[PDB]
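Only the coordinates and a few stated rules stand behind these numbers; no lab work does. With ideal geometry, Cβ positions are generated from the backbone for all residues, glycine too; neighbour counts draw on all protein chains shown.
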Amino acid sequence: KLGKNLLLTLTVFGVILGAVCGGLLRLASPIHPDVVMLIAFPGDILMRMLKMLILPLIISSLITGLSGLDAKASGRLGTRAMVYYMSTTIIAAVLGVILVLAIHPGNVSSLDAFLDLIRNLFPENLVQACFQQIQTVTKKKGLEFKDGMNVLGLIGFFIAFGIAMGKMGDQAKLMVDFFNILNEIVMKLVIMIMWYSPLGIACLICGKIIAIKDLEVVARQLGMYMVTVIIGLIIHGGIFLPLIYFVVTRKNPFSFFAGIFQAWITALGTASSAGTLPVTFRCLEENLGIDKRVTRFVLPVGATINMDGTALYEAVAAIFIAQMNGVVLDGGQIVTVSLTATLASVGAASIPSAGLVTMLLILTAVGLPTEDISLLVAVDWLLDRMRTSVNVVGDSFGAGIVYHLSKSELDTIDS
Amino acid sequence: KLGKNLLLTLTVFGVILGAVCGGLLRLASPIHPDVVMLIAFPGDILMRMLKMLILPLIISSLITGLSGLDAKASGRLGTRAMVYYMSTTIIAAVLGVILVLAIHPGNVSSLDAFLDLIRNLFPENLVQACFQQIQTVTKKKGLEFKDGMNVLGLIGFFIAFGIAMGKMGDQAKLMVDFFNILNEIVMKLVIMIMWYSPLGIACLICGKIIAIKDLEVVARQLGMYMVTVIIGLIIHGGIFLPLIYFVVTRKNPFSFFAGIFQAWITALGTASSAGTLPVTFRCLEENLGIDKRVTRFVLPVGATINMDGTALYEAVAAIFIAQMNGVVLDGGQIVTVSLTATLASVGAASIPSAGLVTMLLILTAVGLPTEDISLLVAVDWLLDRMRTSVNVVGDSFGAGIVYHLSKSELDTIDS
Amino acid sequence: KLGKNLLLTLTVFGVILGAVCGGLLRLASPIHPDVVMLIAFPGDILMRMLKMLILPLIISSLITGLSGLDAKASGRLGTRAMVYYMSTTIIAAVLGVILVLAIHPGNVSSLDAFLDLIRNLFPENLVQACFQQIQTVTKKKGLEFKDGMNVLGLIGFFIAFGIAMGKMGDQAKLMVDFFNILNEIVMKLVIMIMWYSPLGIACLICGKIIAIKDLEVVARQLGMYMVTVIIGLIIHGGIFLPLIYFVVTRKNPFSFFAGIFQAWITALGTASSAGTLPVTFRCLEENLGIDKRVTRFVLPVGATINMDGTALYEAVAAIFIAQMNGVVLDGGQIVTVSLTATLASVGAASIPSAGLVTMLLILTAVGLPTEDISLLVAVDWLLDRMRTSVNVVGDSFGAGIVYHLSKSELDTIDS
Ligand SMILES: CCCCCCCCCCCCCCCCCC(=O)OC[C@H](COP(=O)(O)O)OC(=O)CCCCCCCCCCCCCCCCC
Ligand SMILES: CCCCCCCCCCCCCCCCCC(=O)OC[C@H](COP(=O)(O)O)OC(=O)CCCCCCCCCCCCCCCCC
Ligand SMILES: CCCCCCCCCCCCCCCCCC(=O)OC[C@H](COP(=O)(O)O)OC(=O)CCCCCCCCCCCCCCCCC
Ligand SMILES: COc1ccc2[nH]c(=O)c([C@H](c3nnnn3CCc3ccccc3)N3CCN(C4CCCCC4)CC3)cc2c1
Ligand SMILES: COc1ccc2[nH]c(=O)c([C@H](c3nnnn3CCc3ccccc3)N3CCN(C4CCCCC4)CC3)cc2c1
Ligand SMILES: COc1ccc2[nH]c(=O)c([C@H](c3nnnn3CCc3ccccc3)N3CCN(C4CCCCC4)CC3)cc2c1
Ligand SMILES: CC(C)CCC[C@@H](C)[C@H]1CC[C@H]2[C@@H]3CC=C4C[C@@H](O)CC[C@]4(C)[C@H]3CC[C@]12C
Ligand SMILES: CC(C)CCC[C@@H](C)[C@H]1CC[C@H]2[C@@H]3CC=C4C[C@@H](O)CC[C@]4(C)[C@H]3CC[C@]12C
Ligand SMILES: CC(C)CCC[C@@H](C)[C@H]1CC[C@H]2[C@@H]3CC=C4C[C@@H](O)CC[C@]4(C)[C@H]3CC[C@]12C
């Protein structure tokens, strides 16, 4: 383990170097602010270089993922799996938003805000939604343009685009190959910047540690943040999933919880939703007698497009950062956070600590200071390893639920 | 006819429901204006959702239509048909603009305005012409940017694009198939919104009926509007087409008018330029002895890209709406209306009442309030059925004129 | 030569007509300024019509040129030729900028300007870099948006795009053919406007001659400009290339200079880097005994993507025009001029006087008045014919240098 996972070693060296350089330069002096910005400048280069690559990334991944990979699944298993997967993620995101508003760390009318949301959902002109959002000002009222991206309009129009390409069928094969080429090129350009990343994260940690003005209250609210995400994760993966199992299936949930309770240990141990599939296959198809005809369809897709924990942690860590810089949020933006939590949970998957890459979608959707993500990155070496456990549990309970809903269908397709 | 044409029944129910809800709520009270906007809100959603789909619609239809469908017609019949078709539409649009300025319902220098037009025709930067127009302000003068789309610059550049793709030939077959795929996808997404449409048109009729402040003067100017479009249609389809026949052909026009005078009845009866082709083929190739070698080329394309009536009605109903809200127009915009009347007549064709879809190109070109189109939609159940008659007559007279211009060419290609 | 090169004859007639019309109308009267703008208006139409075609031209030429034409050259000859070609052009551009700042014709902090440059190099949102640049204003400081294109961000991102398409290999053949089609279409649309060009250049010469307010001081600084570019060309093609030859090769440079000294005469005579290849092949492969295995790779590509003279003349004629209208330039823009001199030298090649087409990239990168290029176009009939000589010499010295660096490689690939 000395030379393997070279990027992990480099990020550890970067965080350690940035922490000790902060510990030197904070005890150095009251610093001139422009040399502080000059020191934090590689972090700003990393943030601007990564926000460069969410416009072709959304556009390419939405049309590669939707049309071309929904192509003729099982007629009932596909829609049941998709209903469960877009149900539990939305429920987890609403639970995360409710918890981070209730605990409250980090210490126009509402009807016009929700009309503002519905107006921003359907964009007027397309190129005037790649960089400008419509908002409502006072005097009567009028509607003008604030800066910042409009993520909801693009995701709405391109979801309608991908679905309308799926129903054309075999005629459109000069387009899905084009967008697969575009997605592969954009992903290689993301790999380049993620190889550059640790020198950016070191300077950003230094820039957020030197100019922080207090070394205690930030640690207090960070501990409060970790308390919030732990309590949200345990209330979801303890109450909300076995209740959904018990309402529909009318079976005892702990008897299902036994085999996943032995798989859950290595799920915590390896922190990957992709690493635990050879374990959970031997767990699920043997310890509970689940049919082979449904697990090969509902588990490997469930390890990718269904991660409740990376919705909970993401939608809590957005409104934490909003409640650090004083920017209170209204109902025209809480729905944006709770929807792009769903639309940013399904993207970045199958890897340890992928919540610190797909956060940059939400941190530009709601219109927030993007350059404060480093106060997350020091406290995620303990947080991801239990988040992946709920990512595993949310796939296993769906593998139970779809199988109990379609046992009759499997038996009538037998004979 | 009870269940057939389901969208027509739903639009009738929507207009009737919106009219009776206006007749209730106007006699209800002086209404608070924000609940009036809340009631009219689905109409605003329909308008913004339809202005979402004119940027890929123009871009896709211009390059699907030009390069790929001009591919090797007859060498003389094609250019003669195109000269006649882009002649009579421009003449009809100028006649409509002149009539609606003369009757005048709805009760910077000019040289700098025309320089402003020529500057907006050739756009400086392409992405700064999808959402911003260049205008000239006072103090010396200077040139700055007003908001609103620039339709003329995009239509100019993409017409040059489609023509420059037509002259490349067989090399570019990885592009025209791409844009055919894009056009089919955008047309299916238009079909979705036109299925949503009647619930939008009902709420927009309610929002324009409640806040109208007078129930008599608007009906007076609407009757004046119907008078203007009827007088323009009769002066065009009575004088201007037989004069063009009589100058070139030196033949009596009523003898040509006999067979189209019996086809004209079912042309008024069915209100479609596509429904009258099996009638007008039996009329034209038999009652006048027109050659089969030219009618199969000049009639079915003439039923699509040559509709003088949907230029006249369109270019009158734009400057009516401009003269309702007081916005007087100058020569930097009258040319925009009279040119996009031509470039919006050739697009939306072969259907009853297609002038209430392609109006939204002109209503965003000239920079007008788009949300007042519903005062057209109550008075078009009587206006379209005679407009399609002139659409038929404008194809039949061209079928006569091109045949008389190329009778010698047909006889010398015989032997 | 009476009817051949018809565009050259038309440009000569246009320049002569514009000069004599200036010589009449300057001795006519103090002119009203708006009819002066009306006379100069076709030149403004030509400038806006040509700035229309640098956004698809950069995007198409960068991905046609990079991926698809670097495909498996020689493993060492390719990188040695590319190192020499991107070395001498950058050295020539820095020498040109230094000379035009030193002679000085035409009579925020710097650290924040260079941070502004690094911020504009990596663009935040892509569509907000096709028309808007980020700049830093005072009060603390803040960062806002000035108008004007951002050329460096697009060239950076699309260079990374073309390189990341080159490493994918055979999978992406539905993209490079698409962008070859786009490049051919955009080049035909450039051919159309270059056929329109002389009527534009005549009116622009009239508009810059009538409103010039002095007939002597402009000629004095134009003579100073010609002095600057001649002195820069002679110091480069006399000192800097034989020094680079003599440091590495340790051979006498005049013995190499003999055969190119007889080729140099017809290089001055025909003013084309494409016309002198049959001469320089017989010169180089015979008079110096250079191997056939390297000249067929390093000469015909060197006649296209390596022109030091069209970097020197270009990067001097940009900062001349900046120093005519008083607009002094700082270090946030001098790097932009000296980099887009390199990235605009490699594009427009193999033709007499191609520096008056690719100038319009730099004249919109630095944010300058584009409509003053005509004071170049009267004094380039004497300047291009010696510029092409240095274009030839810069290829011949590289053909010597790469051959001496790889003589051992050629001998070990022999046996
Ligand atoms: C640094 C920047 C980071 C930004 C992160 C962006 C990541 C992507 C965010 C966008 C999310 C969507 C991308 C596409 C899905 C992931 C890509 C993928 O590989 O999928 C694998 C997966 C196929 O798996 P594979 O075969 O293993 O590739 O794709 C799917 O089958 C599911 C795709 C779902 C698409 C998202 C749906 C969200 C909206 C839910 C509503 C659905 C329509 C409702 C209609 C109205 C009611 C009738
Ligand atoms: C809700 C939004 C509604 C917006 C409505 C937009 C509808 C399209 C508006 C844009 C109009 C152009 C679209 C393309 C034509 C219609 C599409 C089509 O199906 O065509 C069928 C037709 C082929 O018929 P088919 O074979 O039955 O499909 O296409 C044509 O052959 C004619 C295309 C004409 C294109 C418009 C020309 C207008 C400019 C006239 C000047 C011509 C060049 C002059 C050069 C300078 C002088 C030398
Ligand atoms: C009116 C508007 C005028 C505007 C003028 C724009 C003209 C193009 C300007 C953009 C210049 C780039 C265009 C592409 C090259 C010319 C096109 C062409 O035909 O090439 C022929 C040539 C192939 O020749 P052929 O086979 O005869 O076509 O292409 C090449 O092989 C060289 C292409 C070089 C591309 C430019 C490189 C400049 C950046 C240098 C850094 C390189 C990466 C460093 C990586 C970091 C360090 C590891
Ligand atoms: C769909 O949109 C998104 C959004 C955010 C994203 N974040 C990411 O990390 C990645 C990821 C990556 N990117 N950078 N490094 N890795 C891995 C580390 C590594 C790279 C090279 C050598 C050794 C280790 N790739 C690169 C390669 N992976 C491999 C997949 C199996 C397990 C790890 C290796 C996956 C995909 C994709 C991604 C896609
Ligand atoms: C080129 O750019 C444009 C601009 C404006 C446009 N307006 C439109 O109406 C349409 C039209 C449509 N769209 N929505 N409904 N229809 C028909 C009603 C219907 C639909 C489904 C079931 C029963 C009835 N389509 C849909 C299908 N048509 C069919 C064509 C033969 C006659 C009617 C049916 C034509 C094309 C295209 C169009 C294209
Ligand atoms: C890569 O980006 C760029 C940037 C700036 C550019 N400037 C240009 O001049 C051209 C050039 C052109 N364009 N217009 N005229 N020519 C030639 C004059 C001519 C045309 C027709 C008949 C007789 C003479 N073409 C057109 C055709 N050439 C031919 C090539 C061999 C020598 C001359 C003829 C070259 C390419 C391309 C170009 C590409
Ligand atoms: C928010 C910005 C700074 C991105 C976060 C930067 C760092 C911390 C992120 C970006 C990409 C991530 C890496 C992506 C891939 C792997 C391979 C896996 O086997 C171990 C984790 C590891 C090594 C991740 C560790 C954390 C990581 C290096
Ligand atoms: C003004 C805006 C809202 C667009 C107009 C909305 C409604 C009235 C328009 C849009 C599309 C139109 C329909 C398009 C297609 C058909 C099929 C035809 O056989 C009967 C008419 C009918 C059913 C049209 C009726 C009017 C229509 C429904
Ligand atoms: C600043 C704008 C107007 C560009 C300059 C306009 C004129 C002077 C430019 C544009 C294109 C140029 C031409 C491009 C091609 C050729 C063919 C070559 O065998 C002789 C030179 C000649 C004829 C060039 C002469 C100068 C030229 C005509």
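Descriptive notes on the structure:
- √(5λ) per eigenvalue of the Cα gyration tensor, the protein assembly as shown, largest first, Å: 51, 51, 31
- Estimated FRET transfer efficiency when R0 is 56 angstrom, pair B:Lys1-A:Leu69 (beta carbons, to 0.05): 0.80
- Candidates B:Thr340, B:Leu268, B:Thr89 compared by Cα position along the dipole of chain B: farthest toward the positive end lies B:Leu268, with charges placed on Cβ.
- Alpha-carbon Rg with Dmax, taken over chain A, Å: 22.6, 80
- Cα centre as origin, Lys/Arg/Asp/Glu Cβ charges: chain C dipole, Debye: 320
- Label-point gap, in nm, between B:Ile118 and C:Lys213 - each point 7 angstrom along Cα→Cβ: 2.6
- Order of A:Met149, A:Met386 under a 10 Å beta carbon neighbour criterion, fewest first: A:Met386, A:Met149
- Neighbour-count order for A:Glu285, B:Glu124, fewest beta carbons within 10 angstrom listed first: A:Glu285, B:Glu124
- Pair A:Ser109, A:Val379: separation of 7 Å Cα→Cβ label points (nm): 3.9
- Spatial offset of the range C:212-227 relative to the range A:394-415 amounts to 87 Å, using the alpha carbon center of each.
- Backbone N atoms of the range A:33-66 closer than 15 Å to the 7 Å Cα→Cβ label point of A:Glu371 belong to residues A:33-51.
- Ordering B:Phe122, C:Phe158, A:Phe254, C:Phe13 from the fewest to the most neighbouring beta carbons within 10 Å gives A:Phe254, C:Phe13, C:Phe158, B:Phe122.
- Rough spin-label spacing in nm, given labels placed 7 Å along Cα→Cβ, for A:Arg26 and A:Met86: 4.5
- Dipole axis of chain A (+1 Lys, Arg; -1 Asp, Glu on Cβ), positive-most option in A:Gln171, A:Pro253, A:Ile134: A:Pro253
- For the set A:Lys140/B:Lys146; B:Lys188/C:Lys146; A:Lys141/B:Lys141; B:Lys146/C:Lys51; B:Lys141/C:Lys51; A:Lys292/B:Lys188, the pairs lying more than 28 angstrom apart at their alpha carbons are B:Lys188/C:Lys146; A:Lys141/B:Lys141; A:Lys292/B:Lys188.
- The protein assembly as shown, helix-only ellipticity at 222 nm - DSSP H runs n ≥ 4, -39,500 (n - 2.57), divided by all residues, nearest 500: -21500 deg cm²/dmol
- Spatially, the range C:301-319 and the range B:341-381 are offset by 53 Å when compared through their Cα centroids.
- Position A:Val20: other-copy label points at 8.2, 8.2 nm, ordered by increasing distance, label point 7 Å along Cα→C-beta.
- Rounded to the nearest 20 debye, the dipole magnitude of the protein assembly as shown is 660 debye, with +1 charges on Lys and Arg beta carbons, -1 on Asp and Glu beta carbons, and the Cα centre as origin.
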